[PDB]
file model_0.cif (mmCIF, C-alpha atoms)
data_model
loop_
_atom_site.group_PDB
_atom_site.id
_atom_site.type_symbol
_atom_site.label_atom_id
_atom_site.label_comp_id
_atom_site.auth_asym_id
_atom_site.auth_seq_id
_atom_site.Cartn_x
_atom_site.Cartn_y
_atom_site.Cartn_z
ATOM 1 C CA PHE A 1116 80.004 -56.255 -69.399
ATOM 2 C CA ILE A 1117 76.496 -55.875 -70.856
ATOM 3 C CA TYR A 1118 73.338 -57.502 -69.498
ATOM 4 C CA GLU A 1119 69.888 -57.053 -70.975
ATOM 5 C CA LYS A 1120 67.716 -56.727 -67.867
ATOM 6 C CA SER A 1121 64.133 -57.399 -68.818
ATOM 7 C CA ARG A 1122 61.808 -54.727 -67.546
ATOM 8 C CA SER A 1123 60.434 -52.760 -70.495
ATOM 9 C CA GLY A 1124 56.793 -53.111 -69.440
ATOM 10 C CA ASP A 1125 56.162 -49.723 -71.095
ATOM 11 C CA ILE A 1126 57.511 -46.150 -71.010
ATOM 12 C CA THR A 1127 54.940 -44.205 -68.974
ATOM 13 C CA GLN A 1128 52.473 -46.205 -66.936
ATOM 14 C CA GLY A 1129 50.230 -44.059 -64.781
ATOM 15 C CA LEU A 1130 48.913 -40.573 -64.860
ATOM 16 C CA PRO A 1131 51.529 -39.813 -67.423
ATOM 17 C CA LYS A 1132 50.293 -42.578 -69.742
ATOM 18 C CA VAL A 1133 46.697 -41.374 -69.341
ATOM 19 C CA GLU A 1134 47.834 -37.805 -69.980
ATOM 20 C CA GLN A 1135 49.702 -38.941 -73.101
ATOM 21 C CA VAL A 1136 46.776 -40.839 -74.616
ATOM 22 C CA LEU A 1137 44.172 -38.208 -73.682
ATOM 23 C CA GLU A 1138 46.385 -35.359 -74.904
ATOM 24 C CA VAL A 1139 46.582 -36.482 -78.523
ATOM 25 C CA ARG A 1140 49.683 -34.570 -79.597
ATOM 26 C CA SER A 1141 50.644 -37.139 -82.209
ATOM 27 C CA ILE A 1142 48.290 -40.052 -82.761
ATOM 28 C CA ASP A 1143 50.438 -42.772 -81.190
ATOM 29 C CA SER A 1144 48.223 -44.499 -78.617
ATOM 30 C CA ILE A 1145 48.125 -47.816 -80.496
ATOM 31 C CA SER A 1146 49.298 -46.286 -83.781
ATOM 32 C CA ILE A 1147 51.564 -49.287 -84.295
ATOM 33 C CA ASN A 1148 48.127 -50.692 -85.199
ATOM 34 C CA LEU A 1149 45.691 -47.753 -85.302
ATOM 35 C CA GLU A 1150 47.622 -45.462 -87.662
ATOM 36 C CA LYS A 1151 47.902 -48.318 -90.163
ATOM 37 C CA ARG A 1152 44.118 -48.727 -90.190
ATOM 38 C CA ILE A 1153 43.459 -44.986 -90.474
ATOM 39 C CA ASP A 1154 45.896 -44.499 -93.356
ATOM 40 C CA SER A 1155 44.543 -47.593 -95.108
ATOM 41 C CA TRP A 1156 40.999 -46.221 -94.940
ATOM 42 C CA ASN A 1157 42.055 -42.729 -96.026
ATOM 43 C CA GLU A 1158 43.761 -44.213 -99.093
ATOM 44 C CA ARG A 1159 41.055 -46.810 -99.855
ATOM 45 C CA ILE A 1160 37.996 -44.527 -99.666
ATOM 46 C CA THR A 1161 38.050 -44.071 -103.458
ATOM 47 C CA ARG A 1162 36.318 -47.263 -104.606
ATOM 48 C CA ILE A 1163 33.372 -48.556 -106.638
ATOM 49 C CA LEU A 1164 30.646 -46.812 -104.627
ATOM 50 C CA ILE B 511 45.746 -41.190 -120.504
ATOM 51 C CA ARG B 512 47.403 -39.893 -123.681
ATOM 52 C CA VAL B 513 44.057 -38.398 -124.732
ATOM 53 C CA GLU B 514 44.049 -36.364 -121.512
ATOM 54 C CA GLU B 515 47.631 -35.229 -122.143
ATOM 55 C CA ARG B 516 46.761 -33.654 -125.502
ATOM 56 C CA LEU B 517 43.350 -32.353 -124.383
ATOM 57 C CA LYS B 518 44.937 -30.228 -121.644
ATOM 58 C CA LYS B 519 46.972 -28.148 -124.126
ATOM 59 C CA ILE B 520 44.030 -26.518 -125.932
ATOM 60 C CA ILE B 521 43.157 -28.322 -129.189
ATOM 61 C CA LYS B 522 45.465 -29.826 -131.833
ATOM 62 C CA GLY B 523 43.337 -31.804 -134.304
ATOM 63 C CA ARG B 524 43.284 -35.530 -133.481
ATOM 64 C CA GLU B 525 39.662 -36.413 -134.243
ATOM 65 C CA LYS B 526 40.511 -40.119 -134.545
ATOM 66 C CA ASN B 527 37.519 -41.739 -132.817
ATOM 67 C CA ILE B 528 35.506 -41.907 -129.585
ATOM 68 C CA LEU B 529 38.177 -43.479 -127.405
ATOM 69 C CA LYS B 530 36.588 -42.636 -124.038
ATOM 70 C CA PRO B 531 32.996 -43.936 -124.404
ATOM 71 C CA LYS B 532 32.474 -44.154 -120.645
ATOM 72 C CA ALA B 533 29.809 -43.480 -118.013
ATOM 73 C CA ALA B 534 30.001 -41.438 -114.807
ATOM 74 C CA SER B 535 29.931 -43.752 -111.781
ATOM 75 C CA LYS B 536 26.454 -45.153 -112.563
ATOM 76 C CA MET B 537 25.215 -43.942 -109.137
ATOM 77 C CA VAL B 538 25.672 -47.522 -107.914
ATOM 78 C CA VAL B 539 26.506 -48.737 -104.398
ATOM 79 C CA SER B 540 27.432 -52.434 -104.406
ATOM 80 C CA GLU B 541 28.031 -53.766 -100.892
ATOM 81 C CA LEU B 542 30.547 -56.600 -101.083
ATOM 82 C CA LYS B 543 33.077 -55.848 -103.845
ATOM 83 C CA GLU B 544 33.572 -55.444 -107.601
#

call {"tool": "encode", "arguments": {"input": "model_0.cif", "output": "structure tokens"}}
result
Amino acid sequence: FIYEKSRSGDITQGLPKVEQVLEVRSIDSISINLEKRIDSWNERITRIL
Amino acid sequence: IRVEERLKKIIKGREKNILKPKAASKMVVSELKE
């Protein structure tokens, strides 16, 4: 039998989450959104100006 | 682009015309776009 539960609030959620975001080992705080923006800027800098 | 390809390898004739005829960035900063 397999049941899906439904927790998954988020992996780490206390001191360890704060430690993870503060200690930027890989930029993955909100990089599902932030990394996209950063890469887009770094590729779009070359423009008319 | 093809002009750049032949200009890299020293000089081999090809004095056809002034194909580039361009300016260098015009020192312009337009805000919105284009």

call {"tool": "closest_atom_pairs", "arguments": {"input": "model_0.cif", "of": "chain A", "to": "chain B", "cutoff": "12 Å", "atoms": "all atoms listed in the file", "output": "tab-separated table"}}
result
residue	atom	partner	partner_atom	distance
A:1161	CA	B:535	CA	11.6
A:1162	CA	B:544	CA	9.1
A:1163	CA	B:544	CA	7.0
A:1164	CA	B:539	CA	4.6

call {"tool": "residues_around", "arguments": {"input": "model_0.cif", "residues": "residue 530 (chain B)", "least_positions_apart": "4", "cutoff": "12 Å", "atoms": "only C-alpha atoms", "output": "PyMOL selection string"}}
result
chain B and resi 511-514+526+534

call {"tool": "write_last_selection", "arguments": {"input": "model_0.cif", "atoms": "C-alpha atoms", "output": "short mmCIF file (atom, residue, chain, number, x, y, z; two decimals), keeping the file's coordinate frame"}}
result
data_model
loop_
_atom_site.label_atom_id
_atom_site.label_comp_id
_atom_site.auth_asym_id
_atom_site.auth_seq_id
_atom_site.Cartn_x
_atom_site.Cartn_y
_atom_site.Cartn_z
CA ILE B 511 45.75 -41.19 -120.50
CA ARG B 512 47.40 -39.89 -123.68
CA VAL B 513 44.06 -38.40 -124.73
CA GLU B 514 44.05 -36.36 -121.51
CA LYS B 526 40.51 -40.12 -134.54
CA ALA B 534 30.00 -41.44 -114.81
#

call {"tool": "axis_aligned_box", "arguments": {"input": "model_0.cif", "around": "region 514-520 of chain B", "padding_each_side": "3 Å", "output": "lines of an AutoDock Vina configuration file"}}
result
center_x = 45.5
center_y = -31.4
center_z = -123.7
size_x = 10.3
size_y = 15.8
size_z = 10.4

call {"tool": "atom_distance", "arguments": {"input": "model_0.cif", "atom1": "CA of residue 515 (chain B)", "atom2": "CA of residue 529 (chain B)"}}
result
13.6 Å

call {"tool": "atom_distance", "arguments": {"input": "model_0.cif", "atom1": "CA of residue 1129 (chain A)", "atom2": "CA of residue 1150 (chain A)"}}
result
23.1 Å

call {"tool": "atom_distance", "arguments": {"input": "model_0.cif", "atom1": "CA of residue 1151 (chain A)", "atom2": "CA of residue 1123 (chain A)"}}
result
23.7 Å
